[PDB]
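Peer 1: Dropping a structure here in C-alpha cells format, bear with me for questions.
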Amino acid sequence: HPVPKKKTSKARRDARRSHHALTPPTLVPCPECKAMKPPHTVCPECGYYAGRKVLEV
Amino acid sequence: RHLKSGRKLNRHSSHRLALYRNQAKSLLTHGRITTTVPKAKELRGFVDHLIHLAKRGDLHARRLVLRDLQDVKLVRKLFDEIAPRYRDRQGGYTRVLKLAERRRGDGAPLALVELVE
Amino acid sequence: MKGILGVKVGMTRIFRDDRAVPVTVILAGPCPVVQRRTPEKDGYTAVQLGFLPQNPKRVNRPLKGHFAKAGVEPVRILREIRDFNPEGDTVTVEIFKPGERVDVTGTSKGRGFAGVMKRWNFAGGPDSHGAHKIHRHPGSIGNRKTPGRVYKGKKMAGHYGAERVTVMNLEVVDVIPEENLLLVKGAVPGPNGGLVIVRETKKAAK
Amino acid sequence: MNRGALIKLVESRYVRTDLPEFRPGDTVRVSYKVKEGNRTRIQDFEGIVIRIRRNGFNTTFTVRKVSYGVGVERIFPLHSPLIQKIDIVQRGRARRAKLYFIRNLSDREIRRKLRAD
Amino acid sequence: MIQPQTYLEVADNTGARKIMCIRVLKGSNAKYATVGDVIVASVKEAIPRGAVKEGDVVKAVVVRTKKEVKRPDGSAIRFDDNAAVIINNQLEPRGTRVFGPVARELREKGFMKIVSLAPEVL
RNA sequence: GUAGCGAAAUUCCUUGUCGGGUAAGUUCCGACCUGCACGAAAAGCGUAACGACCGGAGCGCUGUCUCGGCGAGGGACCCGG
RNA sequence: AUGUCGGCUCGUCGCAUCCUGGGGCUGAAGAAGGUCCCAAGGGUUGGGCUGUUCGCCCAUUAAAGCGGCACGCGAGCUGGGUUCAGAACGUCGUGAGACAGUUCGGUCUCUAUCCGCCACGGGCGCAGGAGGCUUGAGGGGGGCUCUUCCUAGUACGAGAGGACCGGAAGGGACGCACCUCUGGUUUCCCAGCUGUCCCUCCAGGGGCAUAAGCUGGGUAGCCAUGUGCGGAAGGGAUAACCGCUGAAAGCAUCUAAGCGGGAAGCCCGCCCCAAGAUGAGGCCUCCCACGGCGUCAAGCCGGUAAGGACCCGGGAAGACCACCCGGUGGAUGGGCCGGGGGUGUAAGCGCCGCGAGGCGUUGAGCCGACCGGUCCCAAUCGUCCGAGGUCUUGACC
C-alpha cells in the first residue's frame with residue numbers, strides 16, 4: 001500500500017546512509033599484559049582486574 | 001507513564017521466578033555462572049538473599065530456602081559448606097564481572113558471576 | 001521576594017478547625033554569589049546557590065567564578081530578578097512572614113513521549129463499536145485542500161514532563177527558621193528531593 | 001536525615017502524638033466523639049457509636065470507615081490525629097481474623113453474621 | 001455523589017422510595033451533584049394513594065454513597081441515595097424523613113428545615 | 001371484489017388522527033378506513049410449538065458511556081544475524 | 001478513478017451575533033424591554049424519536065448562534081443510509097424484469113519515501129578555548145461566567161415592584177499541575193482456599209490450574225472520581241458614542257486647528273519557549289597567548305582534566321540519543337541494618353478436644369520500589385580529540 005512515490009537520488013540516499021556510520025570501540029592497554037581491552041572487562045588472557053579468576057584448562 | 005519504580009525485568013512472570021530459582025541452583029552448585037548481564041544483576045539480588053538465610057541458620061529458615069530452591073542435597077551442601085565462609089561478612093556475598101567477549105550470533109554482552117571467596 | 005530550594009514532600013497538617021495541605025520545602029540559605037548590578041546588565045538581580053557537593057568534584061572555572069565574592073562549594077546556582085540583598089546571605093527567618101502569599105516554580109515530573117490521550121486531556125475513539133484501531137488514538141487532523149498542511153501550531157503526540165512549570169498565587173501557611181523549612185498550602189511542581197524557586201505576586205482586588 | 005525526618009519534625013509539631021489514644025483493633029465496637037461546630041458557633045459534641053472497619057497508617061492515619069447501620073449504614077472515616085476528635089472508647093476486644101477491609105460487612109452486613117464475624 | 005441519570009430513594013410523602021434523576025440543576029452546564037444541590041427528578045414508582053403519581057418534581061439530594069470530604073475534614077458516606085422532595089422555593093411537602101441527623105446539609109443553608117426535620121434512628 | 005383483514009416484510013401525502021407506553025417516541029402495540037396501488041390457492045384470516053430470523057419494551061448485571069485510569073503479556077523502540 | 005449522506009475525533013475561520021461586554025433612540029418612571037450601532041476574546045450543554053443532517057419534544061441555562069472549510073475531516077474511524085448480487089410486498093409490464101415506493105440481509109485493504117506536524121538529536125557556525133548565569137526581538141499559552149448577600153429592597157414609585165455605580169462571598173464549566181486526604185491500580189508484596197502431580201511417608205512446601213488458579217488486602221508509583229491554584233488588578237492606544245475650546249458660515253458646529261473620556265476587543269502586563277535573533281551573546285571565572293612546523297605560525301603537533309568525550313554505576317530524565325548526578329579523596333546502584341509500610345498471628349513445641357480444629361509461646365512471621373545508615377559487593381586500571389571559536393580600522397600604554 002501507501003507506497004513511496006519515487007527515488008530521489010544518490011544524494012539523499014547517501015545523506016541517510018551518511019548519517020548512519022559507526023564509532024570505533026573503546027580500548028586500553030591491559031594493566032597487566034597489554035593489548036587492547038574494552039576499558040574494563042576482564043580480558044581473555046592477562047585476564048583480570050586483580051586476582052585472575054579465569055582461564056587454564 | 002511508568003516513571004519511578006523498580007524491578008524492571010525481562011522474560012515473563014512465572015517463568016521469571018522459575019528463571020531465578022533455576023540459576024540460583026546452578027550458582028549454588030558450581031560456584032560460578034556465565035550469563036547475560038541483566039540476568040546477573042537480578043541474580044545477585046536474589047541469591048544474596050538466599051545465602052543470607054543460609055547464615056540465618058535454623059529449621060524454619062531452612063524450610064524457607066526449601067520454599068525456594070527445593071533440592072535438599074544442594075540445600076545442605078550450601079548449608080554447612082558455605083555459611084562458615086561468610087559467617088562474619090554482611091551482604092554482598094555475590095560478585096559480578098563484565099567479560100571481554102560478546103557472544104556469537106546474538107550479540108549479548110556477557111558476564112561472570114561467582115559468590116565471593 | 002526570593003528563595004531557591006529543594007522540594008521535599010507533600011504532607012498534610014491540621015489547622016484550628018479546617019485542615020490544610022502544605023508541601024514542605026527546605027530553603028537552606030544560599031550565598032548570593034553574584035549581584036547583577038545594572039550598569040552591567042538590565043536586570044538588577046541576584047544569582048544565588050544552595051546545597052553543597054564536595055570540593056574536589058569541581059571544574060576550577062567554578063572554583064573561582066564562585067570564589068570572587070566567595071560563598072563555598074555548591075551547584076543549584078540560579079538567578080532571579082528584582083531583589084536587593086541587604087543581607088550577605090538570605091535565609092527566610094524573615095524573607096517570608098507566614099500567611100502572606102507566594103509564587104512557586106519548579107521543574108515538572110517527566111513522562112517520556114506520553115501520548116495524545118495525555119497531552120490535550122481529551123481524546124479517544126469509541127471502543128467496541130468497531131475500531132481497526134481501538135479507543136485511544138488522535139482523530140483526524142486537518143481538512144483536504146484547505147491547505148494541504150497541518151495547521152502549524154496544533155496539538156499532537158509529544159513529550160510532556162521535562163518542562164519548567166510555575167504555580168502562582170498560593171498561601172504560605174508557615175515558615176520555620178530552624179531547619180530552614182517552609183510550608184506552602186498547595187501543590188508545587190516537582191518530583192520531590194526536586195527543585196524549586198520561590199518568589200511573589202498578588203495585586204488584584206479580586 | 002531527609003524528608004522522613006523533617007516531616008517528623010513538622011508532625012511532631014502539629015499531628016503530634018494524636019494525644020496518646022493508640023489502640024486500634026478492628027472488632028472494636030467503639031465511641032468516637034467529634035466536635036463539629038455549626039449554628040451560633042456552637043461546639044455541639046457529636047458522639048458516634050460504631051464498628052471499626054479499617055484503618056490506614058502513616059503518621060497521619062485515618063481510622064478508616066467506622067461503620068454503623070443506623071438502619072441505613074453510615075460509615076465515617078474520622079482523621080485520627082486531628083484535634084476535632086475529643087474522646088475515644090473501645091468497647092470491643094481487638095480480635096477477629098483478617099486485618100482490615102472487612103467487607104464482609106459492607107455487603108452482606110446483617111446483625112446476625114457480624115456477630116458470627 | 002455523582003448522578004446524571006439515575007435511581008434514588010426518597011421517602012418523604014412521595015410515590016416511592018425510588019425516583020429517577022433527570023438533569024441536575026446548577027450552573028447551566030452541570031454534570032454531577034453534591035448533597036444540597038437541587039435535582040429535578042421524575043418519580044419512577046408511585047405509592048398507592050399518595051400525592052405524586054408519575055410526574056417530575058424538583059428535589060434535594062441527601063446522602064450519596066460517596067465519600068464527601070468535609071471542610072471540618074472527615075467524611076460521611078452511606079450506602080444509600082436518598083432525596084427529599086421539595087416545592088417551589090425550597091421546603092418539604094411532607095414533614096417526615098428517614099436518615100441520620102448530622103449536618104453539612106444545613107451548611108448549604110438553603111434548607112435548614114430538613115436538618116431540623118430529619119431524625120435519629122435508621 | 002363477496003367474508004376476512006388495513007397507516008399493515010403493501011400507504012405515497014406522513015410523524016394520518018385518537019388511546020397505551022417514556023420526564024420526552026418519525027419507533028412498536030390497539031383501534032379508526034381517507035384500501036394513492038390488500039383480497040381469497042402468485043391463497044385469505046387465525047394459530048400452541050419452534051428461530052445463529054427481524055422489531056419493541058422491562059428487569060439483572062456490567063468500562064458501552066458519563067471522562068477514564070492502572071497492570072501483565074505479544075509487537076512496536078535499541079543491539080547482533 | 002476526483003471513495004459519494006450521517007455520526008464520531010479533531011478542528012481552525014469569518015461575521016451577516018445566540019450570550020457575555022460598550023452605546024444611541026422610545027410610544028423608556030424604575031426593573032423587564034423594544035430597536036439599531038461598535039463589538040469576534042471566550043463560551044455556545046444533557047437527553048427521547050429517526051439512518052438522519054433537519055425537526056419537533058422534555059429538563060434547564062448567561063445562551064443554548066448562523067455559516068465556511070471538496071455539502072471540513074474514511075491513506076483516521078464507523079458504515080445505519082444509498083448503488084451491486086440473495087428475498088418479499090404494492091403497482092407497472094402478455095413476458096424477462098422494473099419503480100428519487102417501501103422491507104431484512106449484505107468483505108472498508110490502507111508497513112509513509114517528499115511537503116506539512118509533533119517532539120528529540122547529529123554536524124557546525126558564533127572569525128582568542130572552555131565552564132556556568134541570563135536579557136529578551138520574537139513566538140505561543142491564557143483569555144469564561146453565574147448566584148445570594150452588603151450600600152438598600154434605598155434613588156425611581158402613586159404601590160406591587162426595583163437600580164446604576166462600587167465592594168465583597170459562593171459555586172459550574174474549563175486550564176495547569178500535585179499526592180497529603182478520599183479514592184482507583186498495584187501480574188507476585190501478604191494470607192486463605194481447591195484439584196493434582198512431585199519433593200520424603202504425616203506436618204510444611206513447589207509447579208500447573210490465563211501470559212497472576214481463585215478470593216480478601218495493599219505500600220511506592222501512576223492516576224482520576226480527590227486537593228491546590230489559575231482566569232485578573234493595573235496601564236497605554238482605541239471602535240460606536242459623549243465632549244472642550246473653535247473658525248471659514250462676524251451666531252452656531254465634537255473638526256483638518258488642538259485637546260479629553262470611551263469596552264470582555266488591540267498593546268503591554270501574567271505564565272512558557274526562544275540568540276540557528278548569523279545581529280546578541282551580555283555578564284563572570286580560568287586557560288592561554290603552550291610551544292610547535294619555509295610568516296600571511298587561519299597548516300602539523302603532545303600540548304592545555306581549561307575542559308571535554310569514550311567506558312562505567314545509576315536515575316520520580318528517558319524509545320534512541322540527549323539531560324542530570326556519581327567513579328573510590330565513593331554513599332550512585334545491589335545487599336546487610338534501622339524506621340516506615342503491607343498484610344494479620346509464622347512454623348516448632350506444648351496443652352485441649354474422639355476427630356475437623358482450638359489455645360499458649362504471638363499484634364508474631366514475612367516483608368517490592370518507601371526514609372536513612374553501612375567502602376561487604378561492585379563504579380579497578382584507563383587511552384582519545386584540546387587552543388587561537390577574530391579580523392583590518394579607532395583610542396590607548
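Scheme for the C-alpha cells: letters A, B, ... for chains in order shown; per-chain residue numbers from 1; ligand numbers from 1 in order shown.
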Compile the residues of chain E that lie within 12 Å of chain F, evaluated using only C-alpha atoms (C1' of nucleotides), and express the compilation as a PyMOL selection string.
Peer 2: chain E and resi 2-6+19-23+30-32+40-44+54-58
Peer 1: Leaving out residue B:47 and any residue of its chain fewer than 5 positions from it, which residues lie within 10 Å of it when counting only C-alpha atoms (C1' of nucleotides), given as a PyMOL selection string?
Peer 2: chain B and resi 20-21+23-25+27-28+42+52-53+92-94+115
Peer 1: Per residue of chain C within 7 Å of chain E, note the shortest atom pair and the distance in Å to one decimal, counting only C-alpha atoms, and order the rows by chain and increasing residue number, as JSON lines.
Peer 2:
{"residue": "C:17", "atom": "CA", "partner": "E:72", "partner_atom": "CA", "distance": 6.1}
{"residue": "C:18", "atom": "CA", "partner": "E:72", "partner_atom": "CA", "distance": 4.9}
{"residue": "C:19", "atom": "CA", "partner": "E:73", "partner_atom": "CA", "distance": 6.1}
Peer 1: Which residues are close to residue C:38, i.e. within 12 Å by only C-alpha atoms (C1' of nucleotides), leaving aside same-chain residues fewer than 6 positions away? Reply as an MDAnalysis selection string.
Peer 2: (chainID C and resid 44:46 81:82 84) or (chainID G and resid 135 282:283)
Peer 1: For those residues, write N, CA, C and O atoms (P, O5', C5', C4', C3', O3' and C1' of nucleotides) to a file as a PDB file, in the first residue's frame.
Peer 2:
ATOM      1  N   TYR C  44      19.214  44.077  37.240  1.00  0.00           N
ATOM      2  CA  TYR C  44      19.434  44.159  38.680  1.00  0.00           C
ATOM      3  C   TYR C  44      18.924  42.910  39.346  1.00  0.00           C
ATOM      4  O   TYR C  44      17.740  42.819  39.652  1.00  0.00           O
ATOM      5  N   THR C  45      19.807  41.958  39.605  1.00  0.00           N
ATOM      6  CA  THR C  45      19.313  40.656  40.018  1.00  0.00           C
ATOM      7  C   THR C  45      20.276  39.691  40.689  1.00  0.00           C
ATOM      8  O   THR C  45      21.437  39.628  40.332  1.00  0.00           O
ATOM      9  N   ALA C  46      19.784  38.913  41.649  1.00  0.00           N
ATOM     10  CA  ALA C  46      20.683  38.032  42.400  1.00  0.00           C
ATOM     11  C   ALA C  46      20.986  36.763  41.653  1.00  0.00           C
ATOM     12  O   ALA C  46      20.168  36.279  40.888  1.00  0.00           O
ATOM     13  N   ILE C  81      15.352  37.832  39.205  1.00  0.00           N
ATOM     14  CA  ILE C  81      15.209  39.272  39.031  1.00  0.00           C
ATOM     15  C   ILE C  81      14.648  40.039  40.225  1.00  0.00           C
ATOM     16  O   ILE C  81      13.875  39.503  41.004  1.00  0.00           O
ATOM     17  N   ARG C  82      15.083  41.294  40.356  1.00  0.00           N
ATOM     18  CA  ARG C  82      14.478  42.305  41.229  1.00  0.00           C
ATOM     19  C   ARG C  82      14.404  41.878  42.675  1.00  0.00           C
ATOM     20  O   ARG C  82      13.396  41.358  43.145  1.00  0.00           O
ATOM     21  N   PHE C  84      16.928  43.481  45.965  1.00  0.00           N
ATOM     22  CA  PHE C  84      18.106  43.957  46.660  1.00  0.00           C
ATOM     23  C   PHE C  84      18.397  42.987  47.788  1.00  0.00           C
ATOM     24  O   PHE C  84      17.513  42.294  48.277  1.00  0.00           O
TER      25      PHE C  84
ATOM     26  P     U G 135      16.068  36.270  32.199  1.00  0.00           P
ATOM     27  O5'   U G 135      16.320  37.585  31.355  1.00  0.00           O
ATOM     28  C5'   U G 135      16.821  38.734  32.009  1.00  0.00           C
ATOM     29  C4'   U G 135      17.265  39.796  31.044  1.00  0.00           C
ATOM     30  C3'   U G 135      16.178  40.322  30.115  1.00  0.00           C
ATOM     31  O3'   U G 135      16.136  41.737  30.102  1.00  0.00           O
ATOM     32  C1'   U G 135      18.075  39.583  28.864  1.00  0.00           C
ATOM     33  P     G G 282      28.349  40.719  23.198  1.00  0.00           P
ATOM     34  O5'   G G 282      27.514  40.727  24.548  1.00  0.00           O
ATOM     35  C5'   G G 282      26.855  41.907  24.977  1.00  0.00           C
ATOM     36  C4'   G G 282      26.418  41.822  26.416  1.00  0.00           C
ATOM     37  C3'   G G 282      27.500  41.560  27.443  1.00  0.00           C
ATOM     38  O3'   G G 282      28.333  42.659  27.753  1.00  0.00           O
ATOM     39  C1'   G G 282      25.724  40.130  27.876  1.00  0.00           C
ATOM     40  P     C G 283      29.851  42.371  28.187  1.00  0.00           P
ATOM     41  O5'   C G 283      29.720  41.678  29.614  1.00  0.00           O
ATOM     42  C5'   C G 283      29.047  42.348  30.661  1.00  0.00           C
ATOM     43  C4'   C G 283      28.657  41.447  31.808  1.00  0.00           C
ATOM     44  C3'   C G 283      29.762  40.775  32.583  1.00  0.00           C
ATOM     45  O3'   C G 283      30.517  41.657  33.372  1.00  0.00           O
ATOM     46  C1'   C G 283      27.976  39.280  32.326  1.00  0.00           C
TER      47        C G 283
END
Peer 1: So which residues touch residue C:59 within 12 Å, counting only C-alpha atoms (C1' of nucleotides), skipping near sequence neighbours fewer than 4 positions away, as an NGL selection string?
Peer 2: (:C and (54-55 or 63-66 or 73-75)) or (:G and (130-132 or 285-287 or 305-308))
Peer 1: Extract, using only C-alpha atoms (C1' of nucleotides), all DNA, RNA and protein residues at most 10 Å from residue B:80, discarding same-chain residues fewer than 6 positions from it, and format them as a ChimeraX atom specification.
Peer 2: /B:54-55,57
Peer 1: Skipping near chain neighbours, those fewer than 6 positions away, what residues fall within 12 Å of residue F:13 using only C-alpha atoms (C1' of nucleotides), listed as number ranges by chain?
Peer 2: F: 7, 34, 36
Peer 1: Write out, as a PDB file, in the first residue's frame, the residues just selected, with C-alpha atoms (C1' of nucleotides).
Peer 2:
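So out.pdb came out as:
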ATOM      1  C1'   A F   7     -51.388   3.712   8.281  1.00  0.00           C
ATOM      2  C1'   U F  34     -59.219   8.729   3.772  1.00  0.00           C
ATOM      3  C1'   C F  36     -52.893   6.526  -3.975  1.00  0.00           C
TER       4        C F  36
END
Peer 1: Against chain C, which residues of chain F fall within 10 Å? For each one I want the closest pair of atoms and the distance in Å (one decimal), counting only C-alpha atoms (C1' of nucleotides), rows by chain and increasing residue number, as a Markdown table.
Peer 2:
| residue | atom | partner | partner_atom | distance |
| --- | --- | --- | --- | --- |
| F:63 | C1' | C:127 | CA | 9.6 |
| F:64 | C1' | C:128 | CA | 7.4 |
| F:65 | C1' | C:126 | CA | 9.1 |
| F:67 | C1' | C:122 | CA | 8.3 |
| F:68 | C1' | C:122 | CA | 9.8 |
Peer 1: Between G:188, G:112, G:247, G:271, single out the one closest to residue B:17, counting only C-alpha atoms (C1' of nucleotides).
Peer 2: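 The answer is G:188, which sits nearest to residue B:17.
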Peer 1: Give me, as an NGL selection string, all polymer residues having an atom no more than 8 Å from stretch 37-42 of chain A, counting only C-alpha atoms (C1' of nucleotides) and skipping those fewer than 3 positions away in the same chain.
Peer 2: (:A and (25-30 or 47-49)) or (:B and (97-100)) or (:G and (311 or 380 or 382))
Peer 1: Just write the chosen residues, N, CA and C atoms (P, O5', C5', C4', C3', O3' and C1' of nucleotides), as a PDB file, in the first residue's frame.
Peer 2:
ATOM      1  N   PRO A  25      35.179   1.094  18.634  1.00  0.00           N
ATOM      2  CA  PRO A  25      35.091   0.596  20.004  1.00  0.00           C
ATOM      3  C   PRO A  25      36.190   1.160  20.874  1.00  0.00           C
ATOM      4  N   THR A  26      35.935   1.353  22.163  1.00  0.00           N
ATOM      5  CA  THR A  26      36.959   1.823  23.086  1.00  0.00           C
ATOM      6  C   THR A  26      37.961   0.708  23.290  1.00  0.00           C
ATOM      7  N   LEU A  27      39.191   1.052  23.650  1.00  0.00           N
ATOM      8  CA  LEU A  27      40.158   0.060  24.084  1.00  0.00           C
ATOM      9  C   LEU A  27      41.315   0.685  24.851  1.00  0.00           C
ATOM     10  N   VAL A  28      41.938  -0.076  25.742  1.00  0.00           N
ATOM     11  CA  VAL A  28      43.011   0.428  26.596  1.00  0.00           C
ATOM     12  C   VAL A  28      44.119  -0.571  26.669  1.00  0.00           C
ATOM     13  N   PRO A  29      45.303  -0.139  27.065  1.00  0.00           N
ATOM     14  CA  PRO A  29      46.233  -1.198  27.454  1.00  0.00           C
ATOM     15  C   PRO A  29      45.730  -1.991  28.642  1.00  0.00           C
ATOM     16  N   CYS A  30      46.017  -3.286  28.698  1.00  0.00           N
ATOM     17  CA  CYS A  30      45.802  -4.040  29.926  1.00  0.00           C
ATOM     18  C   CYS A  30      46.815  -3.504  30.911  1.00  0.00           C
ATOM     19  N   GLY A  47      43.942 -11.307  31.709  1.00  0.00           N
ATOM     20  CA  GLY A  47      42.848 -11.963  32.389  1.00  0.00           C
ATOM     21  C   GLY A  47      42.452 -11.649  33.808  1.00  0.00           C
ATOM     22  N   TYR A  48      42.523 -10.390  34.240  1.00  0.00           N
ATOM     23  CA  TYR A  48      41.808  -9.957  35.449  1.00  0.00           C
ATOM     24  C   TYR A  48      41.859  -8.483  35.814  1.00  0.00           C
ATOM     25  N   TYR A  49      40.989  -8.076  36.734  1.00  0.00           N
ATOM     26  CA  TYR A  49      41.144  -6.795  37.427  1.00  0.00           C
ATOM     27  C   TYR A  49      42.209  -6.799  38.513  1.00  0.00           C
TER      28      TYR A  49
ATOM     29  N   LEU B  97      31.369  -9.734  37.197  1.00  0.00           N
ATOM     30  CA  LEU B  97      32.311  -9.033  36.341  1.00  0.00           C
ATOM     31  C   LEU B  97      32.000  -9.160  34.871  1.00  0.00           C
ATOM     32  N   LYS B  98      31.842  -8.016  34.227  1.00  0.00           N
ATOM     33  CA  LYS B  98      31.626  -7.966  32.803  1.00  0.00           C
ATOM     34  C   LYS B  98      32.828  -8.584  32.135  1.00  0.00           C
ATOM     35  N   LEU B  99      32.581  -9.331  31.073  1.00  0.00           N
ATOM     36  CA  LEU B  99      33.587 -10.183  30.465  1.00  0.00           C
ATOM     37  C   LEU B  99      33.936  -9.660  29.080  1.00  0.00           C
ATOM     38  N   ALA B 100      35.124  -9.973  28.595  1.00  0.00           N
ATOM     39  CA  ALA B 100      35.648  -9.289  27.426  1.00  0.00           C
ATOM     40  C   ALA B 100      34.868  -9.523  26.152  1.00  0.00           C
TER      41      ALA B 100
ATOM     42  P     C G 311      30.440   5.037  25.549  1.00  0.00           P
ATOM     43  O5'   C G 311      31.051   4.089  26.666  1.00  0.00           O
ATOM     44  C5'   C G 311      31.803   2.945  26.301  1.00  0.00           C
ATOM     45  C4'   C G 311      32.492   2.335  27.492  1.00  0.00           C
ATOM     46  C3'   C G 311      31.617   2.065  28.698  1.00  0.00           C
ATOM     47  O3'   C G 311      30.919   0.841  28.585  1.00  0.00           O
ATOM     48  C1'   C G 311      33.619   3.120  29.378  1.00  0.00           C
ATOM     49  P     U G 380      35.963   2.383  37.381  1.00  0.00           P
ATOM     50  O5'   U G 380      36.882   1.302  38.089  1.00  0.00           O
ATOM     51  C5'   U G 380      37.113   1.352  39.483  1.00  0.00           C
ATOM     52  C4'   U G 380      38.344   0.579  39.867  1.00  0.00           C
ATOM     53  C3'   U G 380      39.666   1.166  39.421  1.00  0.00           C
ATOM     54  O3'   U G 380      40.099   2.204  40.270  1.00  0.00           O
ATOM     55  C1'   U G 380      39.647  -1.149  39.000  1.00  0.00           C
ATOM     56  P     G G 382      46.077   4.236  35.962  1.00  0.00           P
ATOM     57  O5'   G G 382      45.645   3.826  34.485  1.00  0.00           O
ATOM     58  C5'   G G 382      44.960   4.760  33.628  1.00  0.00           C
ATOM     59  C4'   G G 382      44.447   4.057  32.395  1.00  0.00           C
ATOM     60  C3'   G G 382      44.333   4.923  31.147  1.00  0.00           C
ATOM     61  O3'   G G 382      45.518   4.834  30.364  1.00  0.00           O
ATOM     62  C1'   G G 382      42.249   3.903  31.585  1.00  0.00           C
TER      63        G G 382
END
